[PDB]
$ cat target.csv   # CSV, C-alpha atoms and all ligand atoms
chain,number,residue,atom,x,y,z
A,2,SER,CA,166.8,73.7,132.0
A,3,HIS,CA,168.9,72.1,129.3
A,4,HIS,CA,166.6,69.6,127.6
A,5,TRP,CA,163.0,70.6,126.9
A,6,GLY,CA,161.9,69.8,123.3
A,7,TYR,CA,159.2,68.3,121.3
A,8,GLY,CA,160.0,64.6,121.5
A,9,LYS,CA,158.0,61.9,123.2
A,10,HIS,CA,160.1,62.2,126.4
A,11,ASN,CA,160.7,66.0,126.7
A,12,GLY,CA,157.7,67.4,124.9
A,13,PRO,CA,154.9,69.8,125.8
A,14,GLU,CA,153.4,67.4,128.3
A,15,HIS,CA,156.7,67.4,130.3
A,16,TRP,CA,157.4,71.2,130.4
A,17,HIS,CA,155.4,71.9,133.6
A,18,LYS,CA,158.0,70.0,135.7
A,19,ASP,CA,160.6,72.7,135.0
A,20,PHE,CA,158.2,75.6,134.1
A,21,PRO,CA,155.2,75.3,136.4
A,22,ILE,CA,153.6,78.3,134.6
A,23,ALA,CA,152.9,75.7,131.9
A,24,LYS,CA,149.6,75.1,133.8
A,25,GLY,CA,148.9,78.8,134.4
A,26,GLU,CA,146.0,81.1,133.7
A,27,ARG,CA,147.0,82.6,130.4
A,28,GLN,CA,148.9,80.0,128.4
A,29,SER,CA,149.3,79.8,124.7
A,30,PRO,CA,148.4,78.6,122.1
A,31,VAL,CA,144.7,78.2,122.3
A,32,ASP,CA,141.9,77.0,120.1
A,33,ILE,CA,140.1,79.9,118.5
A,34,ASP,CA,136.4,79.2,118.5
A,35,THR,CA,135.2,81.4,115.7
A,36,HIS,CA,131.5,81.3,116.7
A,37,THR,CA,132.4,82.4,120.3
A,38,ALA,CA,134.9,85.1,119.5
A,39,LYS,CA,133.2,88.5,119.8
A,40,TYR,CA,133.7,91.5,117.5
A,41,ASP,CA,135.2,94.3,119.6
A,42,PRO,CA,134.5,97.9,118.4
A,43,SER,CA,137.1,99.2,120.9
A,44,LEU,CA,139.9,97.7,118.8
A,45,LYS,CA,141.8,100.5,116.9
A,46,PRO,CA,143.1,99.8,113.4
A,47,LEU,CA,146.2,97.5,113.3
A,48,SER,CA,149.4,99.1,112.0
A,49,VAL,CA,152.3,97.0,110.6
A,50,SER,CA,155.1,99.2,109.6
A,51,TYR,CA,157.9,97.1,108.2
A,52,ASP,CA,159.2,99.3,105.4
A,53,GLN,CA,162.5,99.9,107.2
A,54,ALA,CA,162.9,96.4,108.7
A,55,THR,CA,166.6,95.4,108.8
A,56,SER,CA,167.1,91.7,108.8
A,57,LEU,CA,170.5,90.4,110.0
A,58,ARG,CA,170.8,86.7,110.4
A,59,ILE,CA,169.0,83.4,110.3
A,60,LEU,CA,169.7,80.9,113.2
A,61,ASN,CA,168.9,77.2,113.7
A,62,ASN,CA,168.5,77.2,117.6
A,63,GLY,CA,167.6,73.5,117.8
A,64,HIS,CA,163.8,74.3,118.2
A,65,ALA,CA,163.1,76.3,115.1
A,66,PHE,CA,164.9,78.8,112.9
A,67,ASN,CA,164.9,82.5,113.7
A,68,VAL,CA,165.2,85.4,111.3
A,69,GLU,CA,166.6,88.1,113.4
A,70,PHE,CA,166.2,91.9,113.0
A,71,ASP,CA,168.1,95.0,114.1
A,72,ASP,CA,165.8,96.2,116.9
A,73,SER,CA,168.2,98.9,118.1
A,74,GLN,CA,165.8,101.6,116.7
A,75,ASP,CA,162.1,101.8,115.7
A,76,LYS,CA,162.8,100.4,112.2
A,77,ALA,CA,160.0,97.8,112.0
A,78,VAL,CA,157.1,98.2,114.4
A,79,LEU,CA,153.6,97.0,115.2
A,80,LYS,CA,151.1,99.4,116.7
A,81,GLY,CA,147.3,99.8,117.0
A,82,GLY,CA,144.7,97.0,117.3
A,83,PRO,CA,144.6,96.0,121.0
A,84,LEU,CA,148.1,97.4,121.6
A,85,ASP,CA,149.0,100.4,123.7
A,86,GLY,CA,152.2,102.0,122.5
A,87,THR,CA,154.9,100.8,120.1
A,88,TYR,CA,156.1,97.2,119.7
A,89,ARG,CA,159.4,96.6,117.9
A,90,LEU,CA,160.1,93.6,115.6
A,91,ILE,CA,162.9,91.5,116.9
A,92,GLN,CA,162.6,88.2,115.0
A,93,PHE,CA,160.3,85.8,113.2
A,94,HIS,CA,160.1,82.0,113.2
A,95,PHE,CA,157.7,79.2,112.4
A,96,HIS,CA,156.2,76.1,113.9
A,97,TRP,CA,155.4,73.2,111.5
A,98,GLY,CA,154.4,69.6,111.3
A,99,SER,CA,155.6,66.4,109.9
A,100,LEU,CA,152.5,66.2,107.7
A,101,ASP,CA,150.3,68.9,106.1
A,102,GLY,CA,147.5,68.2,108.5
A,103,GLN,CA,149.3,69.5,111.6
A,104,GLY,CA,151.9,72.0,112.6
A,105,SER,CA,150.1,75.2,113.8
A,106,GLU,CA,150.0,76.1,117.5
A,107,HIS,CA,146.8,78.0,117.4
A,108,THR,CA,143.9,76.2,115.9
A,109,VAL,CA,140.6,77.5,114.4
A,110,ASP,CA,137.5,75.6,115.4
A,111,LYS,CA,140.0,72.8,116.2
A,112,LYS,CA,141.4,72.9,112.6
A,113,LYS,CA,145.2,72.6,112.5
A,114,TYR,CA,147.2,74.3,109.7
A,115,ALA,CA,150.4,73.0,108.2
A,116,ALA,CA,152.4,75.7,110.0
A,117,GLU,CA,152.3,79.0,111.8
A,118,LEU,CA,154.5,82.1,111.5
A,119,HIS,CA,155.3,84.1,114.6
A,120,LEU,CA,156.4,87.7,114.1
A,121,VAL,CA,157.7,88.7,117.6
A,122,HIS,CA,157.7,92.3,118.8
A,123,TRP,CA,158.6,93.8,122.2
A,124,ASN,CA,157.1,96.9,124.0
A,125,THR,CA,159.6,99.7,123.6
A,127,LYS,CA,158.5,101.2,126.9
A,128,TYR,CA,160.4,98.4,128.6
A,129,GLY,CA,163.7,99.2,126.9
A,130,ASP,CA,164.8,95.7,125.9
A,131,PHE,CA,163.4,92.2,125.2
A,132,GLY,CA,164.6,90.6,128.4
A,133,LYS,CA,162.8,93.3,130.5
A,134,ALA,CA,159.7,93.1,128.3
A,135,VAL,CA,159.1,89.4,128.9
A,136,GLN,CA,158.7,90.1,132.6
A,137,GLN,CA,155.7,92.3,131.9
A,138,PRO,CA,152.1,91.2,131.1
A,139,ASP,CA,152.0,93.5,128.1
A,140,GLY,CA,155.7,93.1,127.2
A,141,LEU,CA,155.3,91.3,123.8
A,142,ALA,CA,153.0,91.3,120.8
A,143,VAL,CA,153.3,88.3,118.6
A,144,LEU,CA,151.6,88.4,115.2
A,145,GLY,CA,150.6,84.9,114.2
A,146,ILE,CA,149.9,83.9,110.7
A,147,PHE,CA,148.7,80.5,109.5
A,148,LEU,CA,150.2,78.6,106.6
A,149,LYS,CA,148.2,76.3,104.4
A,150,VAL,CA,149.7,74.1,101.6
A,151,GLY,CA,148.7,75.2,98.1
A,152,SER,CA,150.4,77.8,95.9
A,153,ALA,CA,154.0,78.9,96.7
A,154,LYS,CA,154.6,82.0,98.7
A,155,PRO,CA,157.1,84.0,96.7
A,156,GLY,CA,158.1,86.1,99.7
A,157,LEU,CA,159.0,83.0,101.6
A,158,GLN,CA,161.4,81.5,99.0
A,159,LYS,CA,164.5,83.4,100.1
A,160,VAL,CA,164.0,81.8,103.6
A,161,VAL,CA,163.5,78.4,102.1
A,162,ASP,CA,166.7,78.6,100.0
A,163,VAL,CA,169.0,79.4,102.9
A,164,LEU,CA,167.8,76.5,105.1
A,165,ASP,CA,170.4,74.2,103.5
A,166,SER,CA,173.1,76.4,105.1
A,167,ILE,CA,171.6,76.1,108.6
A,168,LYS,CA,170.6,72.5,108.7
A,169,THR,CA,171.7,71.8,112.3
A,170,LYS,CA,171.4,73.3,115.7
A,171,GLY,CA,173.8,76.3,116.3
A,172,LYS,CA,174.3,77.0,112.6
A,173,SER,CA,173.6,80.5,111.4
A,174,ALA,CA,173.9,82.5,108.2
A,175,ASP,CA,173.9,86.1,107.1
A,176,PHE,CA,170.3,87.0,106.2
A,177,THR,CA,170.3,90.7,105.3
A,178,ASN,CA,167.9,92.6,103.1
A,179,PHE,CA,164.9,90.3,103.7
A,180,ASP,CA,161.6,92.1,103.6
A,181,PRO,CA,159.0,90.4,105.9
A,182,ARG,CA,156.1,92.2,104.2
A,183,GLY,CA,156.3,89.4,101.6
A,184,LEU,CA,155.1,87.0,104.3
A,185,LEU,CA,151.8,88.8,105.0
A,186,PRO,CA,148.3,87.8,103.7
A,187,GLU,CA,146.1,90.4,102.0
A,188,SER,CA,143.8,91.0,104.9
A,189,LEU,CA,144.9,92.1,108.4
A,190,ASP,CA,141.6,90.9,110.1
A,191,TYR,CA,142.6,89.2,113.4
A,192,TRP,CA,141.6,87.6,116.6
A,193,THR,CA,143.3,88.8,119.8
A,194,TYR,CA,143.7,87.5,123.4
A,195,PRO,CA,146.2,87.7,126.3
A,196,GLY,CA,148.6,84.7,126.4
A,197,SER,CA,152.1,83.5,126.8
A,198,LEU,CA,155.3,82.4,125.1
A,199,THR,CA,154.6,79.0,123.5
A,200,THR,CA,158.0,77.6,124.4
A,201,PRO,CA,159.7,77.5,127.8
A,202,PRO,CA,159.9,79.7,129.8
A,203,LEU,CA,156.2,80.1,128.9
A,204,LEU,CA,156.1,83.5,130.4
A,205,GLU,CA,152.7,85.2,130.4
A,206,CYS,CA,153.8,88.3,128.6
A,207,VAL,CA,152.2,88.2,125.1
A,208,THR,CA,149.3,90.0,123.5
A,209,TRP,CA,148.5,87.5,120.7
A,210,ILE,CA,147.3,88.9,117.4
A,211,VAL,CA,146.3,86.0,115.1
A,212,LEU,CA,145.4,86.8,111.5
A,213,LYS,CA,142.3,85.2,110.1
A,214,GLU,CA,143.6,84.8,106.6
A,215,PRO,CA,146.2,82.1,106.1
A,216,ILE,CA,149.0,82.5,103.7
A,217,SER,CA,149.5,79.7,101.1
A,218,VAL,CA,152.9,78.1,100.7
A,219,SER,CA,153.8,75.2,98.4
A,220,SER,CA,154.3,71.6,99.4
A,221,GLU,CA,157.9,72.0,98.2
A,222,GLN,CA,158.5,75.0,100.5
A,223,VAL,CA,157.2,73.3,103.6
A,224,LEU,CA,159.0,70.0,102.7
A,225,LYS,CA,162.3,72.0,102.9
A,226,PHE,CA,161.3,73.2,106.4
A,227,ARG,CA,161.0,69.5,107.3
A,228,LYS,CA,164.7,68.8,106.2
A,229,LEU,CA,166.0,70.9,109.0
A,230,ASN,CA,167.5,69.1,112.1
A,231,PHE,CA,166.9,69.5,115.8
A,232,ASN,CA,170.3,67.9,116.4
A,233,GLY,CA,173.8,69.5,116.0
A,234,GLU,CA,176.3,68.7,113.3
A,235,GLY,CA,177.8,65.2,113.4
A,236,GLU,CA,174.9,63.9,115.6
A,237,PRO,CA,172.3,61.3,114.5
A,238,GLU,CA,169.6,63.0,112.4
A,239,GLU,CA,166.5,64.2,114.1
A,240,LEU,CA,164.3,65.9,111.6
A,241,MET,CA,163.0,69.3,112.8
A,242,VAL,CA,159.2,68.6,112.6
A,243,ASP,CA,156.2,68.9,114.9
A,244,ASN,CA,157.8,71.8,116.9
A,245,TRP,CA,154.4,73.0,118.0
A,246,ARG,CA,152.7,73.2,121.4
A,247,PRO,CA,149.1,72.0,121.4
A,248,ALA,CA,146.2,74.2,122.3
A,249,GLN,CA,145.9,75.1,126.0
A,250,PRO,CA,143.0,75.8,128.3
A,251,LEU,CA,141.3,79.1,127.6
A,252,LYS,CA,140.3,79.5,131.3
A,253,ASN,CA,139.2,83.1,132.1
A,254,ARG,CA,139.8,84.7,128.7
A,255,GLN,CA,137.8,86.0,125.8
A,256,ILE,CA,139.0,86.0,122.3
A,257,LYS,CA,138.2,89.2,120.5
A,258,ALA,CA,137.7,89.7,116.8
A,259,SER,CA,138.7,92.8,114.8
A,260,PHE,CA,136.0,92.1,112.2
A,261,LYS,CA,132.3,91.4,111.9
B,301,LIG,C1,168.1,64.1,130.6
B,301,LIG,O1,166.8,63.6,130.2
B,301,LIG,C2,165.8,64.4,130.3
B,301,LIG,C3,165.9,65.8,130.6
B,301,LIG,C4,164.8,66.6,130.7
B,301,LIG,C5,163.5,66.1,130.3
B,301,LIG,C6,163.4,64.8,130.0
B,301,LIG,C7,164.5,63.9,129.9
B,301,LIG,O2,164.4,62.6,129.5
B,301,LIG,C8,163.8,62.5,128.2
B,301,LIG,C9,162.3,67.0,130.4
B,301,LIG,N1,162.6,68.3,131.0
B,301,LIG,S1,161.3,69.5,130.7
B,301,LIG,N2,160.3,69.4,132.0
B,301,LIG,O3,160.6,69.1,129.5
B,301,LIG,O4,161.9,70.9,130.7
B,301,LIG,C10,163.9,69.0,130.8
B,301,LIG,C11,165.0,68.0,131.1
B,302,LIG,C1,164.7,84.5,122.7
B,302,LIG,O1,163.8,84.1,123.7
B,302,LIG,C2,162.6,83.5,123.3
B,302,LIG,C3,161.9,84.2,122.3
B,302,LIG,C4,160.7,83.6,121.8
B,302,LIG,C5,160.3,82.4,122.4
B,302,LIG,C6,161.0,81.8,123.3
B,302,LIG,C7,162.2,82.3,123.8
B,302,LIG,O2,162.9,81.7,124.8
B,302,LIG,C8,163.0,80.3,124.6
B,302,LIG,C9,158.9,81.8,121.8
B,302,LIG,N1,158.0,82.8,121.4
B,302,LIG,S1,156.6,82.4,120.7
B,302,LIG,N2,156.6,80.9,120.1
B,302,LIG,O3,156.3,83.3,119.5
B,302,LIG,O4,155.7,82.5,121.8
B,302,LIG,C10,158.5,84.2,120.9
B,302,LIG,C11,160.0,84.4,120.8
B,303,ZN,ZN,156.5,80.7,118.1

$ encode --input "target.csv" --output "structure tokens"
Amino acid sequence: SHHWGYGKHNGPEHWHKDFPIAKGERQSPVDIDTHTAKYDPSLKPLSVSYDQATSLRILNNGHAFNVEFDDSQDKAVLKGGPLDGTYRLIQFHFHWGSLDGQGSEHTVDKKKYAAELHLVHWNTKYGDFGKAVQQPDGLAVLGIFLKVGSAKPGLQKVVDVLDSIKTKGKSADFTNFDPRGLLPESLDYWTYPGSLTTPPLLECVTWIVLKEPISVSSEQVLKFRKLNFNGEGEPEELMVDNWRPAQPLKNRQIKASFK
């Protein structure tokens, strides 16, 4: 209900008490064991078509910040790869850490990255996002790791607006943002069936996790860490470590798009 989060007392280890699916058979994130993932020749080429993406607004929802898109038409879509049909971009957000050595949700051979970007798309055959999350193939989330190094120019516009949405419930106009600037060079990926990584933890996501991390600067991620979980006029709780740890793989195979 009201109060799941990422603190010591309402964090991932507590979510199962309100969302029993937390201990389910296809939970996310997972560790990606690179030596055990198998190249899959049946995967079709991945198609990220964001040229007509229409960003609208950026929102601090008390868990992360969301950059929201107009998904009232097929303006920005994800197709191909493991996906059947057309998945429409609705929003992106990140998960990040208090320190550069943690923050990602997925891990790679148990390595944690400083952060992880989630580009969230819903299967248009289900008509709207709320319907799609009730379906095993309702969403496709494109996950991209962030490591700390050189600045990501295409991220800076996001960074510079965070001061205006410091606290929970704050939003700002965020039009004309092009998410293609957040992508790495290669679209090589791993894929597996999983879930939302926050409550309600619905098992409705085809995860597509890019192999190549993007580099962002220390300065850029430091500004992520100045956001607040709390609302305005409440004691400051820095928005850090808003990641769920790796969950049991159970009866799933992670597939690779690349040899
Ligand atoms: C009112 O105090 C609390 C409320 C709740 C939790 C813990 C609390 O004490 C810290 C954890 N749940 S959960 N299972 O993570 O969704 C949500 C509600
Ligand atoms: C708006 O409803 C939600 C949307 C999303 C999430 C949770 C939601 O309800 C809490 C978390 N995921 S994620 N982390 O990529 O698995 C995707 C977007
Ligand atoms: Zn996420």

$ residues_near_ligand --input "target.csv" --ligand "ligand LIG 301 (chain B)" --cutoff "6 Å" --atoms "all atoms listed in the file" --output "NGL selection string"
:A and (2-5 or 10-12 or 15-19)

$ residues_near_ligand --input "target.csv" --ligand "ligand ZN 303 (chain B)" --cutoff "9 Å" --atoms "only C-alpha atoms and all ligand atoms" --output "PyMOL selection string"
chain A and resi 65+93-96+106+117-121+143+145+198-200+245

$ closest_residue --input "target.csv" --among "A:51, A:114, A:7, A:131" --to "ligand LIG 302 (chain B)" --atoms "all atoms listed in the file"
A:131

$ atom_distance --input "target.csv" --atom1 "CA of residue 188 (chain A)" --atom2 "CA of residue 88 (chain A)"
20.2 Å

$ atom_distance --input "target.csv" --atom1 "CA of residue 253 (chain A)" --atom2 "CA of residue 140 (chain A)"
19.9 Å

$ residues_around --input "target.csv" --residues "region 72-78 of chain A" --least-positions-apart "6" --cutoff "12 Å" --atoms "only C-alpha atoms" --output "VMD selection string"
chain A and resid 47 to 57 84 86 to 92 120 to 125 127 129 to 131 141 to 144 180 to 182

$ closest_residue --input "target.csv" --among "A:189, A:210, A:100, A:157" --to "ligand LIG 302 (chain B)" --atoms "only C-alpha atoms and all ligand atoms"
A:210

$ closest_residue --input "target.csv" --among "A:220, A:177, A:43, A:105" --to "ligand LIG 302 (chain B)" --atoms "all atoms listed in the file"
A:105

$ closest_residue --input "target.csv" --among "A:173, A:28, A:152, A:166" --to "residue 58 (chain A)" --atoms "all atoms listed in the file"
A:173

$ closest_residue --input "target.csv" --among "A:228, A:13, A:236, A:243" --to "residue 99 (chain A)" --atoms "only C-alpha atoms"
A:243

$ residues_around --input "target.csv" --residues "residue 197 (chain A)" --least-positions-apart "6" --cutoff "10 Å" --atoms "all atoms listed in the file" --output "count of residues only"
20

$ axis_aligned_box --input "target.csv" --around "region 129-142 of chain A" --padding-each-side "3 Å" --output "JSON"
{"center_x": 158.4, "center_y": 94.3, "center_z": 126.7, "size_x": 18.8, "size_y": 15.8, "size_z": 17.8}

$ closest_residue --input "target.csv" --among "A:6, A:171, A:21, A:46" --to "ligand LIG 302 (chain B)" --atoms "all atoms listed in the file"
A:6

$ atom_distance --input "target.csv" --atom1 "CA of residue 24 (chain A)" --atom2 "CA of residue 107 (chain A)"
16.9 Å

$ residues_near_point --input "target.csv" --point "(141.7, 84.6, 118.3)" --cutoff "7 Å" --atoms "only C-alpha atoms" --output "count of residues only"
10

$ residues_around --input "target.csv" --residues "region 34-36 of chain A" --least-positions-apart "2" --cutoff "7 Å" --atoms "all atoms listed in the file" --output "PyMOL selection string"
chain A and resi 32+38+109-110

$ residues_around --input "target.csv" --residues "residue 159 (chain A)" --least-positions-apart "4" --cutoff "9 Å" --atoms "all atoms listed in the file" --output "list in words"
residues 155, 163 and 179 of chain A
